[PDB]
Structures are given as C-alpha cells and as structure tokens.
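Contents: one structure, followed by commentary.
There are 2 protein chains.
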Amino acid sequence: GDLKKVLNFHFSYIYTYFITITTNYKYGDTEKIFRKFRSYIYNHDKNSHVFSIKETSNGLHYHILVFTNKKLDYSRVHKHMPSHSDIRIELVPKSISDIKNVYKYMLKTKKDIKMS
Amino acid sequence: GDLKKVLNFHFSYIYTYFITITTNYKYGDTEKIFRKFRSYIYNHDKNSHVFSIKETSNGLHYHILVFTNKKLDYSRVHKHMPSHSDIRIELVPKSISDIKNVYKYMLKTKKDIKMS
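If you read the protein sequences in the order shown, they are chains A and A'. A prime marks a further copy of an entry chain. Numbered according to the entry's author numbering, the first sequence spans residues 1 to 56, 60 to 119. Numbered according to the entry's author numbering, the second sequence spans residues 1 to 56, 60 to 119.
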C-alpha cells in the first residue's frame with residue numbers, strides 16, 4: 001500500500017535517500033517541518049516523492068525516504084531540519100531486501116494493532 | 001476501518017471496556033500476553049471482540068477495548084496481565100464522541116505516516 005508505492009518509487013527513481021533525524025527536545029512543529037522539508041525537496045525535483053514517519060520521550064524521532072532523480076545537497080537537508088538535530092543520511096541500494104528492511108524499520112512503532 | 005468496526009461493536013455490545021496497562025519493564029512476550037488475554041475473554045463470552053494496541060522506553064504500554072455482553076470480573080483482567088502492571092479499567096459510555104475520543108487516544112502513536 002504505502003509499501004507497494006515505496007517499492008515502485010525505489011525502482012523508478014535514481015536516488016532513494018533514507019534520512020533519520022533525532023532531537024533531544026519535543027518543542028517545535030512537526031507539521032511545519034515536514035511540510036517545508038517537502039517543499040524544499042519539491043523545488044529540488046518536481047517529480048520527487050517523500051515518505052515520512054514521526055515516531056512518538061525526551062525528543063523527536065523522524066524517518067524519511069526521499070525518492071529523487073537529482074542528488075541531494077546534504078547540507079540543505081540539515082538547514083530544513085530542526086536546529087542541532089542528529090541526522091544520518093544513507094543511499095538505499097536498489098535491492099528489494101534493502102528497501103523492505105528500511106520500510107519495516109520505519110514502520111516498527113506503527114504496528115501492533117489487532118482486532119479480533 | 002478498525003474505527004467502523006469499533007463503532008459497530010460499541011453500539012451492539014452491552015459493555016465496552018477500555019483497559020490501559022502499563023509496566024516499568026520491557027521483558028515479556030506481548031504476543032503470548034495478548035493471545036492468552038484474548039482466549040480468556042473468548043472463554044468469558046464467545047461473541048466478544050477485542051481491539052488491542054501496543055505502544056512502543061522503560062516499560063510496556065497497552066490499550067485494549069473489550070466488547071462483551073457479560074460483565075468482566077476485573078480481578079481476572081489483572082491475572083491475565085503482566086505481574087505488577089498498572090491497570091485502569093473504564094466502561095466507555097454509549098456515545099459516539101466518547102468511543103471516538105478513546106479510539107483516537109489509542110491510535111495516537113500509530114499515525115504521522117505521510118506519502119507525497
């Protein structure tokens with residue numbers, strides 16, 4: 001669903017960037033942050049797609068996949084993220100196993116919902 | 001989806017119990033716990049339904068809706084939950100606003116997923 005879209009984009013865009021952002025504070029506006037980040041990526045590449053997760060004690064934890072055909076300027080990722088964030092950026096290799104493991108990792112706090 | 005099911009059960013079962021369970025430790029088997037709890041509720045009332053959420060630092064946090072036509076023996080809820088859990092049990096009144104606010108509260112850590 002999200003995953004079918006993630007697989008489709010992973011294997012149709014040159015670059016799939018997996019960005020993890022952590023802060024040690026919770027103040028700030030994750031809507032505004034993600035929106036303005038998405039707008040930056042949109043201006044970078046109008047065909048790009050962005051998949052984002054906010055994980056919800061002390062700080063924020065965001066995971067972002069950026070699918071794009073133009074290499075990212077990593078310094079701008081930081082400029083469009085909260086001040087003093089801990090940021091890691093990885094290029095996800097074009098393998099099914101790798102993108103699925105990344106997806107699984109991103110959604111790990113979003114599961115464990117069961118109706119019987 | 002889950003919510004349409006939750007509304008349907010809320011307004012077709014006499015009792016809707018909203019149970020919150022917290023522990024200060026992470027060891028233990030949330031699959032086995034939830035399964036055995038579900039089995040206890042099934043034996044209590046074979047028509048019952050159970051909606052469960054595990055929220056994922061120091062401990063476990065579970066939210067459970069139990070829909071049933073037979074009053075729960077609250078002491079058994081504790082017997083089928085981890086030792087020394089902090090447990091709260093509420094009967095959710097038969098109002099749309101109340102059940103929706105409970106649902107929203109249960110899913111609050113499971114949102115913030117966005118694809119553009």
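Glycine residues also receive a C-beta, built at the ideal position from the N, C-alpha and C atoms.
Within chain A, the residues that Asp2 (chain A') reaches when beta carbons sit closer than 8 Å: Using a Cβ-Cβ cut-off of 8 Å, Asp2 (chain A') is close to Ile116, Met118 of chain A, given in chain order.
Could you say if the region 16-25 of chain A' and the region 101-115 of chain A meet the contact criterion of at least three C-beta pairs nearer than 8 Å? Contact between the region 16-25 of chain A' and the region 101-115 of chain A is absent: fewer than three C-beta pairs spanning the two stretches fall below 8 Å.
Do you know offhand how far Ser52 (chain A')'s Cα is from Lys73 (chain A)'s? Distance from the CA atom of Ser52 (chain A') to the CA atom of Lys73 (chain A), rounded to whole angstroms, is 43 Å.
Which one of A':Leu68, A':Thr112, A':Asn47, A':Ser88 has the shortest CA to CA distance from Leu7 (chain A')? The shortest C-alpha separation from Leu7 (chain A') is found at A':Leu68.
Proximal chain A' residues relative to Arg38 (chain A), where beta-carbon distance stays under 8 Å: Neighbours of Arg38 (chain A) on chain A', chain order: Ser119.
Establish whether the CB of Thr56 (chain A) and some CB of chain A' are separated by less than 8 Å. So yes, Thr56 (chain A) belongs to the interface.
Count the other CB atoms, across all protein chains shown, that sit within 10 Å of the CB of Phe11 (chain A); report buried if there are 16 or more and exposed otherwise. It counts as exposed.
With DSSP run on the structure shown, which of helix, strand or coil describes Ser98 (chain A)? Residue state for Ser98 (chain A) is assigned as coil, using DSSP reduced to three classes.
Let's test the definition: count the other Cβ atoms within 10 Å of the Cβ of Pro96 (chain A') and tell me whether it reaches 16, buried, or not, exposed. Classification of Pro96 (chain A'): exposed, given that the 10 Å Cβ count is below 16.
Just grab the DSSP bridge partners of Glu55 (chain A) for me. Answer is A:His64, bridged to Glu55 (chain A).
Hey, is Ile21 (chain A)'s beta-carbon within less than 8 Å of any beta-carbon in chain A'? Interface criterion not met: the Cβ of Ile21 (chain A) is under 8 Å from no Cβ in chain A'.
Boundaries of the alpha helix (DSSP H) in which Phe34 (chain A) is found, first to last residue: Segment 30-44, the alpha helix (DSSP H) holding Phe34 (chain A).
Starting from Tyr77 (chain A'), trace the alpha helix (DSSP H) both ways and give me its first and last residue. Here the alpha helix (DSSP H) through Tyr77 (chain A') covers 77-82.
Min CB distance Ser60 (chain A') to chain A below 8 Å: Chain A, which has a Cβ nearer than 8 Å to the Cβ of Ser60 (chain A'), makes this yes.
Spatial distance of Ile14 (chain A) from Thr71 (chain A) (CA atoms): Rounded to the nearest whole angstrom, the C-alpha separation of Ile14 (chain A) and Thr71 (chain A) is 6 Å.
How big is the Cα-Cα spacing for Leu63 (chain A) and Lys46 (chain A')? For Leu63 (chain A) and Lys46 (chain A'), the distance between alpha carbons rounds to 42 Å.
What residues from chain A' crowd round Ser52 (chain A), counting only those whose CB sits closer than 7 Å? What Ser52 (chain A) touches in chain A': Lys117.
Top-ranked residue by Cα proximity to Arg38 (chain A), from A:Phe9, A:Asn61, A:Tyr27, A:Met84: Selected option, being the one with the closest Cα: A:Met84.
Local Cβ density within 10 Å of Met109 (chain A), reported as buried at 16 or more and exposed below that: Buried, since its Cβ has 16 or more Cβ neighbours within 10 Å.
Determine the contact status of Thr16 (chain A') and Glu55 (chain A'), defining contact as a CB-CB distance below 8 Å. No, these two residues do not count as a Cβ contact at 8 Å.
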